[PDB]
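Engineer:
Chains as they are written, first to last, in the authors' numbering: chain C, 307 to 357; chain Y, 1 to 51; chain e, 26 to 401.
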C-alpha cells in the first residue's frame with residue numbers, strides 16, 4: 307500500500323484505457339478509437355493501431 | 001424607438017408585451033472552479049504491517 | 026369438477042385522443058417548464074404598444090393602424106395618408122407573447138405473497154396481474170389527457186339559451202339540447218378563426234342510392250348523445266344524420282365513425298367523460314334527460330362534444346424516446362432479496378409503474394366545444 311521507489315521516474319500510477327467505436331466525423335459511420343486518461347488529464351487519443 | 005432598456009432590475013424591453021420577458025439574459029461558462037487536494041507529508045513516512 | 030385450464034379475459038379499451046397529440050422533445054438538466062414566443066401581426070387588437078404617431082405628427086395612444094375592425098368609417102378615419110413633403114408622420118409598433126407548460130409525475134404499485142404464488146391452483150397468475158396493471162395504466166393516462174383537453178378549451182358554445190354550466194337545464198320552455206343552428210354557428214366560428222380543415226368533400230358514386238356528403242371537419246361525441254344526433258332534423262324538416270353505408274363507397278371510413286351531419290363527421294368515443302350534476306336542479310317535470318344526485322338534489326348532466334384542431338397543442342416528452350408517453354416497470358420476486366431486515370421470511374413482493382406527463386397548448390383558439398344534455 308505505502309510502497310514508493312526513490313526515483314520519481316520509477317513511481318507507479320494507475321491509468322485507464324478505452325477500446326471502442328466512435329463516430330469521429332459525425333456522418334454516421336462508426337470507427338475504432340483508443341483513448342487514455344490519468345486522473346482527469348487526457349494524454350493519448352487516436353485510431354486503433356492494430357490491423 | 002425599439003429600445004432595449006434593461007430586462008433585469010425590473011424594466012421590460014420595448015418589444016415585449018405584458019406577459020413575456022427576455023429568455024436568455026446571461027452567459028454561462030459551464031466550467032466550474034475547483035480546489036486541489038491538500039498535500040500529505042506524514043503518510044509517506046509509514047510502512048504497513050499486514051495483519 | 027374439472028377446471029377448464031383457460032381463462033376469460035377482457036381486452037384493452039381503444040384510445041382516440043392520445044394518437045392525435047404531437048410530441049415535443051425536452052432534454053433533461055433544464056427543469057420542468059417549456060416556453061415559446063408568439064409574434065402578433067401588425068393590425069390585431071393584441072398589438073398594444075406605445076409607439077404611435079398619427080398623420081398629423083402628434084402622438085397617439087395606439088400604435089397599430091386600425092384594429093381587427095371591419096367598420097368602413099373607422100378604417101377611413103385611421104388610414105395612413107402621406108403629404109408630398111412628408112416626414113416623421115406614421116409609426117408602428119410590435120409585440121410578442123410567451124406561453125408555457127409543465128411536467129407532472131404519476132405512479133402506482135401492487136403487492137403479492139409467495140404462498141399465493143406457489144399454492145395457487147391457477148398457473149400463470151402473475152402474467153394476468155401484469156396485463157391488468159398495464160391496461161389500467163394506459164387507460165388512466167388517456168383519461169388524464171382527455172380531461173386536460175376538455176378543461177383547456179378555447180371556444181365554448183352552450184346549447185339552448187344557457188349561459189353557464191349551472192344554467193344548462195333540460196326542463197322548461199327551451200331545453201338545452203344541441204341543434205342544427207348550433208352546429209352551423211360552430212362551423213362559422215372555426216372558419217373565422219382560420220382553423221384548417223381535416224377531411225375533404227365526398228362526391229358521388231355510380232351505385233344506386235348513394236348520397237353526397239361534403240363535411241370537412243371531425244367531431245368527437247360520447248355514446249349517450251348518438252340517439253339525440255340521430256333524431257335531429259335540419260332547417261327544412263328533413264333528416265340530417267347520414268349513416269356511413271351511404272358514402273362508404275367513393276370514400277374512406279375512419280375508425281369509430283357513426284355518420285356525418287352538416288359539415289362534421291361524427292366519431293363515437295367509448296371513454297368520453299361527462300360532468301355530473303353541473304346542470305340546474307331537476308324536478309318531476311323531466312322529459313327524460315339524464316340526471317345525477319348531488320347533495321340530495323337531482324341535477325342535470327352536462328355533456329361534451331369536442332372538435333380538436335390542428336397544431337393546437339403538443340405533448341412534452343421527457344425521456345420518452347420521441348413518444349407521447351413511456352412507462353417504467355419494476356418487479357422484485359420474493360426471496361432473500363425481499364427478506365426484510367426485520368422479517369427474513371421474505372414471503373412478499375411488489376410491482377410498480379410510473380411515468381411523466383405534461384402538455385403545452387400552443388394555440389387555444391382552435392379547440393372547440395359544445396355543452397348539451399344527453400337523452401336517457
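Even for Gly, the Cβ is constructed at its ideal location relative to N, Cα and C.
1. Chain Y partners of residue 121/e, CB-CB under 8 Å?
2. For the segment 343 to 401 of chain e, list the beta strand (DSSP E) runs that are entirely contained and at least 3 residues long, ordered along the chain.
3. Taking buried to mean at least 16 other C-beta atoms within 10 Å of its own C-beta, is residue 153/e buried or exposed?
4. Got a sec? Which residues, its chain only, sit under 8 Å from residue 175/e by beta carbon, not counting five neighbours each side?
5. Considering residue 272/e, what are the terminal residues of the alpha helix (DSSP H) in which it resides?
6. Does any residue of chain C bring its CB to less than 9 Å from the CB of residue 44/Y?
7. Under the three-state reduction of DSSP, which class applies to residue 317/C: helix, strand or coil?
8. Express the C-alpha separation of residue 5/Y and residue 241/e in angstroms, rounding to a whole number.
9. I need the straight-line Cα distance from residue 62/e to residue 14/Y, nearest angstrom please.
10. Under a Cβ-count criterion, where at least 16 other Cβ atoms within 10 Å of its own Cβ denotes burial, should residue 181/e be classed as buried or exposed?
11. If you run the structure through DSSP and keep just helix, strand and coil, what is residue 148/e?
12. What is the DSSP secondary structure of residue 43/e, counted as helix, strand or coil?
13. If I measure Cβ to Cβ from residue 386/e and keep anything under 6 Å in the same chain, skipping five residues before and after, which residues do I get?
14. For residue 135/e, which three-state DSSP category applies?
15. With which residues is residue 123/e paired in a DSSP beta bridge?
16. Using the rule of at least 16 other Cβ atoms within 10 Å of the residue's Cβ for burial, across every protein chain shown, is residue 290/e buried or exposed?
17. Could you tell me the distance, in whole angstroms, from the CA atom of residue 160/e to the CA atom of residue 352/e?
18. Taking all protein chains shown into account, decide if residue 308/e is buried (16 or more other Cβ within 10 angstroms of its Cβ) or exposed.
19. Taking a contact to mean a Cβ-Cβ separation below 9 Å, would you say residue 352/C touches residue 340/C in this structure?
20. Tell me whether residue 156/e sits in a helix, a strand or coil according to DSSP, three-state version.
21. Looking at C-alpha atoms only, which residue of 230/e, 222/e and 166/e is the closest neighbour of residue 38/e?
22. For the alpha helix (DSSP H) containing residue 252/e, list its first residue and its last residue.
23. Between the Cα of residue 104/e and those of 317/e, 139/e, 81/e and 126/e, spot the shortest distance and give me the residue it belongs to.
24. For residue 347/e and residue 239/e, what's the separation of their Cα atoms in angstroms?
25. How would you list, in chain order, the residues of chain Y whose beta-carbon sits under 7 Å from the beta-carbon of residue 323/C?
26. For residue 164/e, which residues does DSSP report across the bridge?
27. Using CA atoms only, rank isn't needed, just tell me which of 388/e, 304/e and 374/e is closest to residue 396/e.
Structural biologist: The answer reads as follows:
1. Residue numbering aside, residue 121/e sits at position 96 when the third chain is read from its first letter. In chain order: 15, 16, 17 and 20.
2. 353 to 357, 373 to 386 and 393 to 396
3. Taking the first residue of the third chain as 1, we reach residue 153/e at position 128. Burial call: exposed.
4. Taking the first residue of the third chain as 1, we reach residue 175/e at position 150. Answer for residue 175/e: 298, 329, 331 and 394, listed in chain order.
5. By one-based count along the third chain, residue 272/e stands at place 247. Element bounds for residue 272/e: 269 to 272.
6. If you number the second chain from 1, residue 44/Y lands on position 44. Yes, its Cβ sits closer than 9 Å to a Cβ of chain C.
7. By one-based count along the first chain, residue 317/C stands at place 11. Looking at residue 317/C - three-state DSSP - the assignment turns out to be coil, as it is neither helix nor strand.
8. Stepping through the third chain from its first residue, residue 241/e is reached at position 216. Stepping through the second chain from its first residue, residue 5/Y is reached at position 5. Cα to Cα, the separation comes out at about 49 Å.
9. Residue 62/e sits at position 37 when you count from the first residue of the third chain. Residue 14/Y sits at position 14 when you count from the first residue of the second chain. Computed Cα separation, rounded: 15 Å.
10. The residue you call residue 181/e lines up with position 156 of the third chain. By the 10 Å Cβ count, residue 181/e comes out exposed.
11. Translated into the one-based positions of the third chain, residue 148/e becomes position 123. Of the three classes helix, strand and coil, the one that applies to residue 148/e here is coil, per DSSP.
12. Position 18 of the third chain holds residue 43/e. Residue state, collapsed to three classes: helix.
13. Here residue 386/e refers to the residue found at position 361 when the third chain is read from its first residue. These residues qualify, in order along the chain: 177 and 338.
14. Position 110 of the third chain, counting from 1, holds the residue named residue 135/e. Looking at residue 135/e - three-state DSSP - the assignment turns out to be strand.
15. Residue 123/e sits at position 98 when you count from the first residue of the third chain. Per DSSP, 62/e.
16. Working through the third chain from its first residue, we reach residue 290/e at position 265. Counting Cβ neighbours within 10 Å, residue 290/e comes out buried, since at least 16 surround it.
17. Indexing the third chain from 1 puts residue 160/e at position 135. Indexing the third chain from 1 puts residue 352/e at position 327. Cα to Cα, the separation comes out at about 12 Å.
18. Numbered from 1 along the third chain, position 283 holds the residue referred to as residue 308/e. Classification of residue 308/e: exposed, given that the 10 Å Cβ count is below 16.
19. To locate residue 352/C, count along the first chain from 1; it is residue 46. To locate residue 340/C, count along the first chain from 1; it is residue 34. Contact flag set, yes.
20. For this step, residue 156/e is matched to residue 131 along the third chain. Three-state DSSP puts residue 156/e in a helix.
21. If you number the third chain from 1, residue 38/e lands on position 13. Among 230/e, 222/e and 166/e, the Cα nearest to that of residue 38/e belongs to 166/e.
22. The residue labelled residue 252/e in the question sits at position 227 within the third chain. Unbroken alpha helix (DSSP H) run through residue 252/e: 251 to 255.
23. Numbered from 1 along the third chain, position 79 holds the residue referred to as residue 104/e. Of the candidates 317/e, 139/e, 81/e and 126/e, the one whose C-alpha sits nearest the C-alpha of residue 104/e is 81/e.
24. Taking the first residue of the third chain as 1, we reach residue 347/e at position 322. Taking the first residue of the third chain as 1, we reach residue 239/e at position 214. Rounded to the nearest angstrom, the two C-alpha atoms are 36 Å apart.
25. Walking along the first chain from the start, residue 323/C turns up at place 17. Those do not exist, as residue 323/C stays about 24 Å from chain Y at its closest Cβ, beyond 7 Å.
26. Within the third chain, the letter at position 139 stands for residue 164/e. Answer by DSSP bridge pairing: none, since residue 164/e is not bridged.
27. Sequence index remark: in the third chain, residue 396/e carries index 371 (1-based). For the residues 388/e, 304/e and 374/e, the minimum Cα distance to residue 396/e belongs to 304/e.
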